[PDB]
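Participant: here come the first chain(s), positioned as in the complex:
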Amino acid sequence: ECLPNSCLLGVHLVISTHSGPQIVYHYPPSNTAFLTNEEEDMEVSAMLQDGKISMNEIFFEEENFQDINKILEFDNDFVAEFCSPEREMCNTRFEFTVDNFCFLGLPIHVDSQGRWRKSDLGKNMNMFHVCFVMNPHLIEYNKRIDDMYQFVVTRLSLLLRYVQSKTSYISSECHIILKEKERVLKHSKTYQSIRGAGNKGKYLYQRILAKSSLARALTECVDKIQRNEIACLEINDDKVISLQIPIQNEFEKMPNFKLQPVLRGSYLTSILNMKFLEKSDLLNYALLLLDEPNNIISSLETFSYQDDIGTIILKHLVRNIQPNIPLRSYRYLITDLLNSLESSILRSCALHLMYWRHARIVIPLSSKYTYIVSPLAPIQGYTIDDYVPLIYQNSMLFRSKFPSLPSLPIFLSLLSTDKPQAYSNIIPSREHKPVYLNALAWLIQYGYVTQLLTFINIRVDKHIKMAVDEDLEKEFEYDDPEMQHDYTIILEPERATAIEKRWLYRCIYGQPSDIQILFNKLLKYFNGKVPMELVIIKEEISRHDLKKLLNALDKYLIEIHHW
Amino acid sequence: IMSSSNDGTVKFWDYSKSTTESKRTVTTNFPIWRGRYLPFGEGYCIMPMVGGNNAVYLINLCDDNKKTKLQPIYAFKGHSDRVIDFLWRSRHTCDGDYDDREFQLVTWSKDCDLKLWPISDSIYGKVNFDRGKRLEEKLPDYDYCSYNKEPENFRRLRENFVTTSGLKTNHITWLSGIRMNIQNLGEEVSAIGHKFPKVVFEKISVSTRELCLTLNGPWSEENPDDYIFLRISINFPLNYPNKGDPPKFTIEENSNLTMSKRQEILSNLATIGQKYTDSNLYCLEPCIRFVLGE
Amino acid sequence: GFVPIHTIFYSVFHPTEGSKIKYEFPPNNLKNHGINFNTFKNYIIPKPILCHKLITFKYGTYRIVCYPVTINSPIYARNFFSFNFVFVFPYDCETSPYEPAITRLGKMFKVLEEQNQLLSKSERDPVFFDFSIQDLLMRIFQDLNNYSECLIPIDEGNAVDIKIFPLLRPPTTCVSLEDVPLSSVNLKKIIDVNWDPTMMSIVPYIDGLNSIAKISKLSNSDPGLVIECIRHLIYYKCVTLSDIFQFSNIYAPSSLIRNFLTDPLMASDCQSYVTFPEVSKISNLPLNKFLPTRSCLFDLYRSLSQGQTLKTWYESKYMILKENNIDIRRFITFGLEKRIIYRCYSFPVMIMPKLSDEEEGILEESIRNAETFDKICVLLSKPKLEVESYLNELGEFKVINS
């Protein structure tokens, strides 16, 4: 399945000592039915007012609550028993399924010598396990467990191992969690004055999240992975970790609409992030922000804590960006902030923006380019993964962003009722050009409008074959029907034979020298797979030269138009 | 009738005499998966199931209930994983006057290995097999036609719609597994194809000893940095790679390649082939490494 | 298809030395591969809370699937008896087809141990209280590794009958009334007595051009059961959905149009497909009042475009189809079947006889849900022009051909 579904149900913090394994902090304390189908009060009030505590209130409702001592019809001691394996089953992938619940985690155990890393609770603890419970379907079990382990669990466990080796952070977090549990359950009169076990657990978790930093990391991780977002977690107030599961919303070939559901608004383009992420020139392309620039700055300020050179460079690049100009022109934005070192920094920043769902890669937008409405345009559906519709919502958003322009139905009908021409035929005047290009960037960034690229293949008729036969001889018959051509399509002109290369070089016979040069330089790309926009960018040619070569060679060139 | 079971017992039956009990009972230390009588002489051939060193055992059957042990004559050692079937390969004269037929054991195993085992005349004599005898009935004659080749046969106008050349890693990976137990042409071709992933093979035919490979070589007189697509067709003699029998190199007529450069490349290829066949070595990796690169 | 078993062993809880391996095929396979049973012996015989559950865990490069069973009865020593038929598989596979087999094997042996005390008496040792295991494990191992099936009798009335079935993806819920079904197989010869009567009614109407509403009206069937039957046929990978063919439709080439070129047998099938069997009468009608070559078919496939309806495309190129005797419906169907063209759906978003109350209600619900013209035309049983006229009477609307 291409639809994103992070199948988390909760998180654990299972530590072990010489006295035996126990549990420290698990969240949420909800039941199986919901998940499957004094000064401390002032401090927690200030933390809730400032937004430092981000819990989910549906996890602590009366119908969505389970006891703190029970986790999915298992006791805390039971879970700490079967999630604390031996030394041979530690420091490796812990996969464990109980019917439909998979207990996936990477437990970290100290070695025999007593070091956490190869370069009270501070000395008794020999193992900790941040166990993640998933319930994927049996047809998607391997995919979900593999992506979760590769993208969240391994990174979080390795960072926790590093911070425990260098700082002994998890030991102190477990100590303060247990101290706050004792001080709420057995000392606080506010706990006894609160009615309902769910509200008691909500207040206890509020105190734990207020006093503990590892609890905040785990809570934010679960909340922002279950919501299919980027989870920025604060650990030890000195390092941050960003965790996500990547979303499949890019497709080159068109997916089957009514057999395999795909996110509405997916980018139906031949230029993809994943074609470039797997390679890790990209600087010949231009970026396209997925949100407002100030929102991207606010999201990227949570990617660090000290405002280092990388975040400053990335913020400067996001603030001064345009989707209509290539990334090779942005060397001046970082030359002032300090092949080439600036090109390497630009490439690394482009990978950072396009990997973390910030700035998608596009061909640089021009009014001369033909833009069609994508089949995957978010028109139907109440939300992105539904399966008032999204067209009216995005029309309201378009009216809010551009109040001096015609409505989103007018723009999406003007581009999909005639033959697909260049985008400059919608813009009335040159004064309307930047706001219309902003509207075009808004349409592309929402998956509404893709680009119609030109693909060229080479074709040879009977006259070229007869001329080549005459040239070969140099070194029926009673009638001449003109509607009985013997055509032939040379599929790959690079690996052509001697007679087929003669057919290609007899296709250009009487053309001038500039056409001969442009045909020779562009012969290897005439295979029906390379879009001519990339040929224009790479070969440093202009559009008038290409339209000259299309007009001068009409019956020999196959014209193929898709995204 | 002979039988074999999981307990390690090979039982020989004669149901004309008695349905209960067995004429002979041979006990092994391993379970037996496939046990069969020999097609020649008086004997039988059993192979293990999960243990027994994964070797096919050949046991004579020439004697008078007899609970005995396994005393094989020949053990076909090899086959790192278990054998799951064994076959026999028989050839003889077409007309038939004397019974002089040879046999070859073919075994297939779980480690994806298909091995052919020769049978010596020591095995042919240890088993009571009368090699050369007047036939009571003539042996059947079978057609020796292969079947690996692909077979083929309003109206339609005669047309060449798409170029065939615009439409082979399976071949170059299959030839790596061929071992005639560099000592082979196909092994050399597969090793070079694994060595050079950029070189594209268009026609590999070890049986007809003809090769046709395509590559991108830096042999452009206009610009030294430009790479020219080249088609080189190579024909090997039946005495390759002995001395005095070099491979024949033919380069397809290319418009991008000048005739002087083509003659220089052909002369250098002939020089390299003659110099490496003078030492009775193999000349296809130095030639390819000369055409593209150094 | 199905992963072979790596090691099968039968572990039982001895009352003296605890959990131990009784029999194991292949012999000493776990110790030869570095698998130590004492490392995970507390998962093979866990507490009775974890027992009678499908337990699968990873041990190195191997995946270990087991169904622990614990029977509580005063006949046994320590007031309980515990065993486990444990299966070992490699990690890099899918053990999903084998999990119901191991679960049912464990449940059947639970039934037999609760009934006649089979496994406890099979030890031939009177310390568990107050047919060969090894042969059964050998037969299960080799029958599931060689045939994916087994029939192994263990008693005078009991046998191990295991068949490994592949796992199929569930059908989607996106099938609707405007989708037409295409049967990829001859459904008349698959019909035996066990088919559903609804599906049996649907079969003589899946001709590749009938809508699900039209099939429901033709077969006197409720559309929901037709939707569920089409979903069940999708689940067996034999029916693919498509669109209603109209000349008001807009078709455009896809990214796989080069597969008409890079395929040795696609264009010949197009030639044998799109042509009328005789000189049809459509090839004699004017516009107003040998087989076709593969290059002609490719040039006709390219000439489709976005925003250009099939009426305009057909009236711009009608001498070509008349001279080459080409069925345009068959041409479009072959293009959609080879995924070389796609349909741009029409969306009537907002900013003649008197229409009925229920008709205007479902029209308003279709407009407020941004449904296509095809779904509204199917729901009202009306052509596109009547729906357009009613919508123009109701308000101003724009059409997106996405």
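Facilitator: Happy to help now that I have it. Residues are numbered from 1 along each chain as shown, chains lettered A, B, ... in the order given.
Participant: how long is stretch B:39-54 end to end?
Facilitator: End-to-end distance for stretch B:39-54, by Cα to Cα, to the nearest Å: 22 Å.
Participant: same check on stretch B:114-130?
Facilitator: Distance between the two ends of stretch B:114-130: 30 Å, counting by Cα to Cα.
Participant: show me what residue of the stretch 51-200 of chain C gets nearest to chain B.
Facilitator: residue C:138 (5.4 Å; Cβ to the nearest Cβ). C-betas here are computed from N, CA, C, even on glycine.
Participant: in this structure that residue contacts residue B:6, no?
Facilitator: Yes - contact status for residue C:138 versus residue B:6: in contact at 5.4 Å, counting by Cβ atoms under 8 Å.
Participant: overlap of the contact sets of those two?
Facilitator: With contacts defined as Cβ atoms under 8 Å, 6 or more residues apart in numbering or on different chains, the residues shared by residue C:138 and residue B:6 are residue B:31.
Participant: neighbour-wise, which of these two wins?
Facilitator: Neighbours per residue (other Cβ atoms under 10 Å in any protein chain shown) separate residue C:138 from residue B:6, with residue C:138 holding more: 21 against 18.
Participant: any idea how far residue C:118 is from the more buried one?
Facilitator: Summarising the geometry, the distance separating residue C:138 from residue C:118, computed by Cβ to Cβ, to the nearest Å, is 18 Å.
Participant: over to residue B:103?
Facilitator: Following Cβ to Cβ, the distance that separates residue B:103 from residue C:118 is 48 Å.
Participant: which residues sit in contact with the closest residue to chain B within the stretch 251-400 of chain C?
Facilitator: Residue nearest to chain B within the stretch 251-400 of chain C (Cβ to the nearest Cβ): residue C:294, separated by 4.5 Å. If a contact means Cβ under 8 Å, 6+ apart, then residue C:294 has B:159, B:161, C:260, C:267-268, C:270-271 as its contacts.
Participant: quick check: the farthest pair among the residues you listed?
Facilitator: With distances taken as Cβ to Cβ, the most widely separated pair in the contacts of residue C:294 is B:159 and C:260, at 14.6 Å.
Participant: and these two? which has more neighbours close in?
Facilitator: The neighbour count for residue B:159 versus residue C:260, taken as other Cβ under 10 Å, is higher for residue C:260 (24 against 14).
Participant: the more buried one against residue C:339, yeah?
Facilitator: No - Residue C:260 sits out of contact with residue C:339 when judged by Cβ under 8 Å, with a separation of 10.5 Å.
Participant: not counting its neighbours along the chain, what's nearest the residue of chain C most remote from its centre?
Facilitator: Here chain C has its C-alpha centre computed as a mean, and the residue farthest from that point, by Cα atoms, centre = their mean, is residue C:130 with 52.6 Å. Counting by Cβ to Cβ, 6 or more residues apart in numbering or on different chains, residue C:77 is the residue found nearest to residue C:130 once chain neighbours are left out, at 6.0 Å.
Participant: surely that neighbour touches residue C:126?
Facilitator: No - judged on Cβ under 8 Å, residue C:77 makes no contact with residue C:126 at a distance of 9.5 Å.
Participant: more neighbours: these two, which one.
Facilitator: residue C:77 (16 against 9).
Participant: quick one: contacts for the closest residue to residue B:78 other than its chain neighbours?
Facilitator: Nearest non-adjacent residue to residue B:78, counting by Cβ to Cβ, 6+ apart: residue B:115, 6.2 Å away. Taking Cβ under 8 Å, 6+ apart as the contact definition, residue B:115 lies against B:76, B:78-79, B:106-107, B:109.
Participant: residue B:116 and residue B:106 touch, don't they?
Facilitator: Yes - assessed by Cβ under 8 Å, residue B:116 is found in contact with residue B:106 at 5.6 Å.
Participant: list the residues that contact both of those two?
Facilitator: Overlap between the neighbourhoods of residue B:116 and residue B:106 consists of residue B:89, taking contacts as Cβ under 8 Å, 6+ apart.
Participant: another chain to add, chain D:
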Amino acid sequence: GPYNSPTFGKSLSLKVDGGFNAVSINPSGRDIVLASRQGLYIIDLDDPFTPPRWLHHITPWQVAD
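Facilitator: Chain D now in position relative to the chains above:
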């Protein structure tokens, strides 16, 4: 003829990947067939260098004989 074969008196090993469970031989000795869940592989025993002919039949269950 069968007496000009290069592989009858010699020992030869071929690596045939794909997980083949069944095998059978011509009594003439020319071709050998291997069966798997994906189909049949026909190998020339006198020309083992040619890739085997793949006949397509996809089944989820393991072939027997």
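Participant: ok chain D is in now, so what about the contacts of residue B:115?
Facilitator: Applying Cβ under 8 Å, 6+ apart, the residues contacting residue B:115 are B:76, B:78-79, B:106-107, B:109, D:11-14.
Participant: would you mind listing what in chain D touches chain C?
Facilitator: If contacts are counted using Cβ under 8 Å from any Cβ of the partner chain, the residues of chain D sitting beside chain C are D:21, D:37, D:59-62, D:64.
Participant: pick the one among the contacts of residue B:115 closest to chain A.
Facilitator: Checking those against chain A with Cβ to the nearest Cβ, the nearest one is residue B:109 at 29.3 Å.
Participant: what's across from that closest one in the sheet?
Facilitator: Taking DSSP bridges, one finds residue B:83 as the beta-bridge partners of residue B:109.
Participant: got TSV for the contacts of residue B:115, with secondary structure and neighbour count too?
Facilitator: Conversion of these to TSV gives the following (DSSP: H, G, I helix; E, B strand; the rest coil; neighbours: other Cβ atoms under 10 Å in any protein chain shown):
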residue	secondary structure	neighbour count
B:76	strand	22
B:78	coil	18
B:79	coil	20
B:106	strand	20
B:107	strand	23
B:109	strand	19
D:11	coil	16
D:12	strand	20
D:13	strand	18
D:14	strand	21
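Participant: quick one, helices of chain D?
Facilitator: Per DSSP state H, chain D carries no helices over any range.
Participant: now the residue in it positioned nearest to chain A: how far from residue C:245?
Facilitator: Of chain D, the residue with the smallest distance to chain A, taken as Cβ to the nearest Cβ, is residue D:60 at 14.4 Å. In this structure, residue D:60 and residue C:245 are 36 Å apart, going by Cβ to Cβ.
Participant: these two - which one has more neighbours?
Facilitator: Each of residue D:60 and residue C:245 had its neighbours counted (other Cβ under 10 Å), and the higher figure belongs to residue C:245 (18 against 13).
Participant: helix/strand/coil for the spatially closest residue to that one that is not a sequence neighbour?
Facilitator: Nearest in space to residue C:245, with sequence neighbours left out and distances taken as Cβ to Cβ, 6+ apart, is residue C:329 at 5.5 Å. Judged by DSSP: H, G, I helix; E, B strand; the rest coil, the three-state class of residue C:329 is helix.
Participant: again, but for the one 10 residues further on
Facilitator: The three-state label given to residue C:339 by three-state DSSP is coil.
Participant: thinking it is in contact with residue C:257, fair?
Facilitator: No - Residue C:339 is beyond contact range of residue C:257, at 9.3 Å (criterion: Cβ under 8 Å).
Participant: list the contacts of residue 256.
Facilitator: All of this is about chain A. Counting by Cβ under 8 Å, 6+ apart, residue A:256 has contacts residue C:240.
Participant: actually it's chain B I care about, not the one you picked
Facilitator: By Cβ under 8 Å, 6+ apart, the contact set of residue B:256 is B:220, B:228-229.
Participant: any idea how far residue B:188 is from it?
Facilitator: Residue B:256 sits 29 Å away from residue B:188, taking Cβ to Cβ as the criterion.
Participant: same deal with residue A:21?
Facilitator: Residue A:21 sits 61 Å away from residue B:188, taking Cβ to Cβ as the criterion.
Participant: report the closest residue of the stretch 151-294 of chain B relative to chain D.
Facilitator: Taking Cβ to the nearest Cβ, the stretch 151-294 of chain B has residue B:177 as its residue nearest chain D, at 2.6 Å.
Participant: which stretches of chain B form helices?
Facilitator: Counting by DSSP H, the segments of chain B that form helices are B:121-126, B:169-174, B:185-195, B:259-278, B:285-291.
Participant: dump the third one to PDB, restricted to CA.
Facilitator: Put plainly, it is helix B:185-195. The C-alpha atoms that make up helix B:185-195 are tabulated as PDB, following Å, rounded to 0.1, in the frame of the first residue of the first chain:
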ATOM      1  CA  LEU B 185      35.900 -19.400 -23.300                       C
ATOM      2  CA  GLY B 186      32.500 -19.000 -21.600                       C
ATOM      3  CA  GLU B 187      34.100 -18.500 -18.200                       C
ATOM      4  CA  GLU B 188      36.400 -15.900 -19.700                       C
ATOM      5  CA  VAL B 189      33.400 -14.100 -21.300                       C
ATOM      6  CA  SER B 190      31.500 -14.100 -18.000                       C
ATOM      7  CA  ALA B 191      34.500 -12.900 -16.000                       C
ATOM      8  CA  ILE B 192      35.100 -10.000 -18.400                       C
ATOM      9  CA  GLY B 193      31.300  -9.200 -18.400                       C
ATOM     10  CA  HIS B 194      31.300  -9.100 -14.600                       C
ATOM     11  CA  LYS B 195      34.600  -7.100 -14.700                       C
END
